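S.K.: File work-v3.cif follows (mmCIF, C-alpha atoms):
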data_run
#
loop_
_atom_site.label_atom_id
_atom_site.label_comp_id
_atom_site.auth_asym_id
_atom_site.auth_seq_id
_atom_site.Cartn_x
_atom_site.Cartn_y
_atom_site.Cartn_z
CA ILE A 500 -33.37 12.34 46.55
CA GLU A 501 -30.19 13.35 48.34
CA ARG A 502 -26.39 13.12 48.27
CA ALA A 503 -26.40 12.37 44.54
CA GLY A 504 -22.94 11.96 43.05
CA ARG A 505 -24.18 13.53 39.81
CA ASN A 506 -27.33 15.32 38.58
CA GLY A 507 -30.18 14.81 41.02
CA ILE A 508 -32.69 14.28 38.20
CA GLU A 509 -31.65 13.68 34.59
CA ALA A 510 -34.07 13.33 31.68
CA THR A 511 -32.26 12.42 28.47
CA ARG A 512 -33.30 11.67 24.90
CA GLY A 513 -36.98 12.56 25.14
CA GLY A 514 -37.75 10.80 28.42
CA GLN A 515 -40.33 12.68 30.47
CA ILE A 516 -40.13 12.63 34.28
CA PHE A 517 -43.06 13.38 36.59
CA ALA A 518 -42.61 15.10 39.95
CA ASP A 519 -44.78 17.13 42.30
CA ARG A 520 -42.98 17.98 45.55
CA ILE A 521 -39.72 16.07 45.30
CA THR A 522 -37.00 17.23 47.70
CA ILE A 523 -33.52 17.43 46.15
CA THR A 524 -30.44 17.86 48.33
CA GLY A 525 -26.67 17.79 47.91
CA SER A 526 -26.51 16.83 44.24
CA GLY A 527 -23.12 16.81 42.55
CA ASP A 528 -24.46 18.53 39.43
CA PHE A 529 -27.68 20.26 38.33
CA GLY A 530 -30.55 19.24 40.57
CA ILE A 531 -32.86 19.02 37.54
CA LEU A 532 -31.51 18.49 34.03
CA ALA A 533 -33.55 18.42 30.83
CA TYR A 534 -31.79 16.95 27.78
CA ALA A 535 -34.37 17.17 24.98
CA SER A 536 -36.77 15.74 27.59
CA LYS A 537 -39.54 17.18 29.74
CA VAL A 538 -39.49 17.39 33.54
CA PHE A 539 -42.52 18.37 35.64
CA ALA A 540 -42.28 19.64 39.22
CA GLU A 541 -45.20 21.70 40.53
CA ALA A 542 -43.25 22.27 43.75
CA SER A 543 -39.72 21.37 44.81
CA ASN A 544 -37.11 21.88 47.52
CA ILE A 545 -33.93 21.86 45.43
CA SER A 546 -30.99 22.59 47.71
CA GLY A 547 -27.25 22.10 47.97
CA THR A 548 -26.67 21.88 44.22
CA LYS A 549 -23.04 22.49 43.31
CA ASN A 550 -23.94 23.57 39.77
CA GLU A 551 -27.00 25.51 38.62
CA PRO A 552 -30.23 24.04 40.07
CA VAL A 553 -32.49 23.88 37.00
CA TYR A 554 -30.92 23.17 33.61
CA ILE B 500 -37.78 3.28 8.42
CA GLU B 501 -37.50 2.98 4.64
CA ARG B 502 -39.62 3.17 1.49
CA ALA B 503 -42.86 4.12 3.22
CA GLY B 504 -45.95 4.38 1.05
CA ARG B 505 -46.90 7.54 2.96
CA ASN B 506 -45.51 9.79 5.70
CA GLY B 507 -42.87 7.71 7.44
CA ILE B 508 -43.89 8.85 10.92
CA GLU B 509 -47.33 10.02 12.00
CA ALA B 510 -48.59 11.10 15.41
CA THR B 511 -52.27 11.90 14.92
CA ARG B 512 -55.15 12.95 17.16
CA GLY B 513 -52.92 13.34 20.19
CA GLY B 514 -50.27 10.98 21.43
CA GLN B 515 -46.49 11.13 21.52
CA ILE B 516 -43.77 9.32 19.56
CA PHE B 517 -40.41 8.98 21.31
CA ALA B 518 -37.31 8.82 19.12
CA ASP B 519 -33.60 9.51 19.65
CA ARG B 520 -31.52 8.61 16.57
CA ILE B 521 -34.27 7.40 14.27
CA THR B 522 -33.41 7.02 10.59
CA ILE B 523 -35.92 7.58 7.78
CA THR B 524 -35.42 7.06 4.06
CA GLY B 525 -37.45 7.16 0.87
CA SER B 526 -40.78 7.94 2.53
CA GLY B 527 -43.49 8.72 0.01
CA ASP B 528 -44.78 11.67 2.03
CA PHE B 529 -43.72 13.95 4.90
CA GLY B 530 -40.78 12.50 6.81
CA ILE B 531 -42.33 13.44 10.16
CA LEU B 532 -45.94 14.56 10.60
CA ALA B 533 -47.91 15.65 13.66
CA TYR B 534 -51.59 16.48 14.22
CA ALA B 535 -51.92 18.21 17.61
CA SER B 536 -49.41 15.65 18.85
CA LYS B 537 -45.88 15.64 20.25
CA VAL B 538 -43.03 13.99 18.34
CA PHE B 539 -39.52 13.77 19.78
CA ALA B 540 -36.54 13.02 17.53
CA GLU B 541 -33.29 14.34 18.97
CA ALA B 542 -30.91 13.29 16.18
CA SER B 543 -33.11 12.05 13.33
CA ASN B 544 -31.51 11.41 9.92
CA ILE B 545 -34.37 12.27 7.53
CA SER B 546 -33.50 11.48 3.91
CA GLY B 547 -35.01 10.70 0.52
CA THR B 548 -38.31 12.35 1.46
CA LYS B 549 -40.58 13.43 -1.38
CA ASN B 550 -42.48 16.10 0.56
CA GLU B 551 -41.44 18.43 3.38
CA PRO B 552 -39.42 16.39 5.91
CA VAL B 553 -40.70 17.79 9.22
CA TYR B 554 -44.35 18.85 9.34
#
As structure tokens, what does this structure read like?
M.R.:
Amino acid sequence: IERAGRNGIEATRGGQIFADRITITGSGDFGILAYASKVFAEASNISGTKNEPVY
Amino acid sequence: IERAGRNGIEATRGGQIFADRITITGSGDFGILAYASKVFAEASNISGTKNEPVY
């Protein structure tokens, strides 16, 4: 993922998201956002996040 | 979910039950029950439960 206008990854209302080595770049908001939902990322390359990377 | 004869939600023996604004009412037993299992209910509206609502 790259150049996201908003959160690079958003998981809302209990929706799990699987990820292993996903590269995140230039997101408008939090690169990874958990909203009562799980997110898995064994590795990552979160970069260029205007707000806090992991939320 | 209304007027259940037993626990209005049940995740047993594993498994997951997704829920966001789920409404329960009048359940005969536990409003939400879990046996080694995940249950997600962000904004549940448990009501009229005879036994303990969340278990």
S.K.: The PyMOL selection byres ((chain B) within 7 of (chain A)) - which residues does that actually catch in the file I just gave you? List them as a list in words.
M.R.: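 With the PyMOL selection byres ((chain B) within 7 of (chain A)) on this model, the match is residues 517, 519, 539 and 541 of chain B.
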S.K.: After a least-squares superposition on chain B using every in-order C-alpha pair, I'd like chain A written out as a short mmCIF file (atom, residue, chain, number, x, y, z; two decimals) with C-alpha atoms, in the coordinates of the input.
M.R.:
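This went into part23.cif:
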data_model
loop_
_atom_site.label_atom_id
_atom_site.label_comp_id
_atom_site.auth_asym_id
_atom_site.auth_seq_id
_atom_site.Cartn_x
_atom_site.Cartn_y
_atom_site.Cartn_z
CA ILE A 500 -37.82 3.15 8.76
CA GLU A 501 -37.48 3.14 4.99
CA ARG A 502 -39.40 2.93 1.71
CA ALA A 503 -42.62 4.08 3.39
CA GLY A 504 -45.56 4.41 1.03
CA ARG A 505 -46.83 7.36 3.07
CA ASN A 506 -45.56 9.55 5.94
CA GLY A 507 -42.56 7.95 7.59
CA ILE A 508 -43.80 8.88 11.07
CA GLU A 509 -47.35 10.09 11.75
CA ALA A 510 -48.63 11.21 15.15
CA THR A 511 -52.35 11.95 15.05
CA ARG A 512 -54.96 13.02 17.59
CA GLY A 513 -52.68 13.72 20.54
CA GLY A 514 -50.52 10.61 20.31
CA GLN A 515 -46.93 11.29 21.33
CA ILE A 516 -44.08 9.40 19.62
CA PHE A 517 -40.61 8.97 21.11
CA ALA A 518 -37.48 8.85 18.96
CA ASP A 519 -33.78 9.51 19.45
CA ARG A 520 -31.73 8.67 16.35
CA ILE A 521 -34.26 7.08 14.01
CA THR A 522 -33.17 6.91 10.37
CA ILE A 523 -35.91 7.80 7.87
CA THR A 524 -35.46 7.10 4.16
CA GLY A 525 -37.58 7.20 1.01
CA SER A 526 -40.91 8.13 2.57
CA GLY A 527 -43.81 8.90 0.26
CA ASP A 528 -44.88 11.92 2.31
CA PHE A 529 -43.50 14.00 5.20
CA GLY A 530 -40.86 12.05 7.07
CA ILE A 531 -42.23 13.35 10.39
CA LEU A 532 -45.81 14.57 10.73
CA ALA A 533 -47.38 16.07 13.85
CA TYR A 534 -51.19 16.24 13.86
CA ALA A 535 -52.07 17.81 17.22
CA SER A 536 -49.53 15.32 18.63
CA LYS A 537 -45.96 15.57 19.87
CA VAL A 538 -42.94 13.92 18.25
CA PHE A 539 -39.48 13.79 19.85
CA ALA A 540 -36.28 13.17 17.90
CA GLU A 541 -33.03 14.37 19.48
CA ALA A 542 -31.19 13.30 16.32
CA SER A 543 -32.39 11.96 12.98
CA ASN A 544 -31.29 11.07 9.46
CA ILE A 545 -34.40 12.03 7.49
CA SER A 546 -33.69 11.54 3.80
CA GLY A 547 -35.43 10.95 0.50
CA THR A 548 -38.71 12.56 1.55
CA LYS A 549 -40.85 13.50 -1.44
CA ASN A 550 -42.72 16.17 0.54
CA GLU A 551 -41.37 18.45 3.26
CA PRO A 552 -39.36 16.49 5.87
CA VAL A 553 -40.76 17.86 9.15
CA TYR A 554 -44.43 18.86 9.29
#
S.K.: Report the distance between atom CA of residue 547 of chain B and atom CA of residue 528 of chain B in Å, rounded to one decimal place.
M.R.: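 Separation between atom CA of residue 547 of chain B and atom CA of residue 528 of chain B: 9.9 Å.
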S.K.: Could you tell me which of A:538, A:545, A:518, A:553 comes closest to residue 501 of chain A if we count all atoms listed in the file?
M.R.: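 For residue 501 of chain A, the nearest of the candidates is A:545.
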S.K.: Of the candidates A:532, A:510, A:502, A:524, which one gets nearest to residue 546 of chain A if we count only C-alpha atoms?
M.R.: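 Nearest to residue 546 of chain A: A:524.
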S.K.: Out of A:554, A:537, A:503, A:544, which residue has the shortest atom-to-atom distance to residue 525 of chain A when counting only C-alpha atoms?
M.R.: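 Between A:554, A:537, A:503, A:544, the residue approaching residue 525 of chain A most closely is A:503.
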S.K.: Kindly resolve the PyMOL selection byres ((chain B and resi 505) around 10) on the present coordinates and return the residues as a compact mmCIF listing (two decimals) with C-alpha atoms, in the frame of the given file.
M.R.:
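Wrote it out as expr18.txt, contents follow:
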# COMPACT_ATOMS: atom_id res chain seq x y z
CA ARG B 502 -39.62 3.17 1.49
CA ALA B 503 -42.86 4.12 3.22
CA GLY B 504 -45.95 4.38 1.05
CA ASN B 506 -45.51 9.79 5.70
CA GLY B 507 -42.87 7.71 7.44
CA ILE B 508 -43.89 8.85 10.92
CA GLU B 509 -47.33 10.02 12.00
CA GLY B 525 -37.45 7.16 0.87
CA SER B 526 -40.78 7.94 2.53
CA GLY B 527 -43.49 8.72 0.01
CA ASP B 528 -44.78 11.67 2.03
CA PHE B 529 -43.72 13.95 4.90
CA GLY B 530 -40.78 12.50 6.81
CA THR B 548 -38.31 12.35 1.46
CA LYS B 549 -40.58 13.43 -1.38
CA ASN B 550 -42.48 16.10 0.56
S.K.: Can you tell me how far atom CA of residue 516 of chain A sits from atom CA of residue 522 of chain B, in Å to one decimal?
M.R.: 25.3 Å
S.K.: In Å, how far is it from atom CA of residue 552 of chain A to atom CA of residue 543 of chain B?
M.R.: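 Between atom CA of residue 552 of chain A and atom CA of residue 543 of chain B the gap is 29.4 Å.
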S.K.: Since the input is missing atoms for segment 515-537 of chain B, could you rebuild it with N, CA, C and O atoms and give the result as an mmCIF file, keeping the file's coordinate frame?
M.R.:
data_model
loop_
_atom_site.group_PDB
_atom_site.id
_atom_site.type_symbol
_atom_site.label_atom_id
_atom_site.label_comp_id
_atom_site.auth_asym_id
_atom_site.auth_seq_id
_atom_site.Cartn_x
_atom_site.Cartn_y
_atom_site.Cartn_z
ATOM 1 N N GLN B 515 -47.882 10.741 21.614
ATOM 2 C CA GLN B 515 -46.490 11.130 21.520
ATOM 3 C C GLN B 515 -45.675 9.980 20.949
ATOM 4 O O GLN B 515 -45.973 8.814 21.219
ATOM 5 N N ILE B 516 -44.654 10.309 20.163
ATOM 6 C CA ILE B 516 -43.770 9.320 19.560
ATOM 7 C C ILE B 516 -42.344 9.640 19.977
ATOM 8 O O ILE B 516 -41.767 10.634 19.521
ATOM 9 N N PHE B 517 -41.773 8.798 20.829
ATOM 10 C CA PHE B 517 -40.410 8.980 21.310
ATOM 11 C C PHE B 517 -39.432 8.477 20.256
ATOM 12 O O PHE B 517 -39.675 7.450 19.615
ATOM 13 N N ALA B 518 -38.332 9.202 20.079
ATOM 14 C CA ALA B 518 -37.310 8.820 19.120
ATOM 15 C C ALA B 518 -36.034 9.596 19.420
ATOM 16 O O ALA B 518 -36.091 10.769 19.791
ATOM 17 N N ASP B 519 -34.889 8.929 19.271
ATOM 18 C CA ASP B 519 -33.600 9.510 19.650
ATOM 19 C C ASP B 519 -32.658 9.651 18.467
ATOM 20 O O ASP B 519 -32.142 10.746 18.225
ATOM 21 N N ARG B 520 -32.400 8.575 17.731
ATOM 22 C CA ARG B 520 -31.520 8.610 16.570
ATOM 23 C C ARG B 520 -32.182 7.933 15.384
ATOM 24 O O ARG B 520 -31.532 7.217 14.619
ATOM 25 N N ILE B 521 -33.482 8.168 15.218
ATOM 26 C CA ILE B 521 -34.270 7.400 14.270
ATOM 27 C C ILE B 521 -33.920 7.800 12.852
ATOM 28 O O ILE B 521 -33.743 8.985 12.545
ATOM 29 N N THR B 522 -33.810 6.810 11.974
ATOM 30 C CA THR B 522 -33.410 7.020 10.590
ATOM 31 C C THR B 522 -34.592 6.762 9.665
ATOM 32 O O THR B 522 -35.216 5.699 9.736
ATOM 33 N N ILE B 523 -34.896 7.730 8.807
ATOM 34 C CA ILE B 523 -35.920 7.580 7.780
ATOM 35 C C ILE B 523 -35.256 7.643 6.419
ATOM 36 O O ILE B 523 -34.146 8.157 6.260
ATOM 37 N N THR B 524 -35.948 7.103 5.418
ATOM 38 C CA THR B 524 -35.420 7.060 4.060
ATOM 39 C C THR B 524 -36.564 6.770 3.097
ATOM 40 O O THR B 524 -37.407 5.915 3.369
ATOM 41 N N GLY B 525 -36.590 7.501 1.987
ATOM 42 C CA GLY B 525 -37.450 7.160 0.870
ATOM 43 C C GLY B 525 -38.936 7.214 1.146
ATOM 44 O O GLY B 525 -39.715 6.646 0.377
ATOM 45 N N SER B 526 -39.358 7.881 2.218
ATOM 46 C CA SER B 526 -40.780 7.940 2.530
ATOM 47 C C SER B 526 -41.540 8.659 1.430
ATOM 48 O O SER B 526 -41.078 9.670 0.894
ATOM 49 N N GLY B 527 -42.713 8.129 1.086
ATOM 50 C CA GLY B 527 -43.490 8.720 0.010
ATOM 51 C C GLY B 527 -43.978 10.115 0.331
ATOM 52 O O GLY B 527 -44.061 10.972 -0.551
ATOM 53 N N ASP B 528 -44.308 10.363 1.594
ATOM 54 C CA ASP B 528 -44.780 11.670 2.030
ATOM 55 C C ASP B 528 -43.935 12.177 3.191
ATOM 56 O O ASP B 528 -42.850 11.651 3.451
ATOM 57 N N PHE B 529 -44.430 13.218 3.861
ATOM 58 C CA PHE B 529 -43.720 13.950 4.900
ATOM 59 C C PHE B 529 -42.913 13.022 5.799
ATOM 60 O O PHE B 529 -43.427 12.019 6.293
ATOM 61 N N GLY B 530 -41.637 13.358 6.000
ATOM 62 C CA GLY B 530 -40.780 12.500 6.810
ATOM 63 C C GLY B 530 -41.287 12.345 8.228
ATOM 64 O O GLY B 530 -41.311 11.240 8.771
ATOM 65 N N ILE B 531 -41.698 13.448 8.847
ATOM 66 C CA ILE B 531 -42.330 13.440 10.160
ATOM 67 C C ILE B 531 -43.567 14.318 10.087
ATOM 68 O O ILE B 531 -43.508 15.433 9.556
ATOM 69 N N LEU B 532 -44.682 13.823 10.610
ATOM 70 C CA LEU B 532 -45.940 14.560 10.600
ATOM 71 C C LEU B 532 -46.553 14.506 11.988
ATOM 72 O O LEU B 532 -46.367 13.532 12.721
ATOM 73 N N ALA B 533 -47.276 15.562 12.353
ATOM 74 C CA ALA B 533 -47.910 15.650 13.660
ATOM 75 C C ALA B 533 -49.230 16.396 13.539
ATOM 76 O O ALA B 533 -49.303 17.429 12.868
ATOM 77 N N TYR B 534 -50.265 15.869 14.184
ATOM 78 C CA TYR B 534 -51.590 16.480 14.220
ATOM 79 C C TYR B 534 -51.962 16.695 15.682
ATOM 80 O O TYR B 534 -52.521 15.799 16.319
ATOM 81 N N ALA B 535 -51.651 17.879 16.207
ATOM 82 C CA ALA B 535 -51.920 18.210 17.610
ATOM 83 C C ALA B 535 -51.255 17.201 18.538
ATOM 84 O O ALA B 535 -51.788 16.850 19.592
ATOM 85 N N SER B 536 -50.074 16.733 18.146
ATOM 86 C CA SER B 536 -49.410 15.650 18.850
ATOM 87 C C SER B 536 -47.913 15.915 18.916
ATOM 88 O O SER B 536 -47.316 16.476 17.997
ATOM 89 N N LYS B 537 -47.312 15.485 20.018
ATOM 90 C CA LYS B 537 -45.880 15.640 20.250
ATOM 91 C C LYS B 537 -45.119 14.559 19.494
ATOM 92 O O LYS B 537 -45.552 13.407 19.429
#
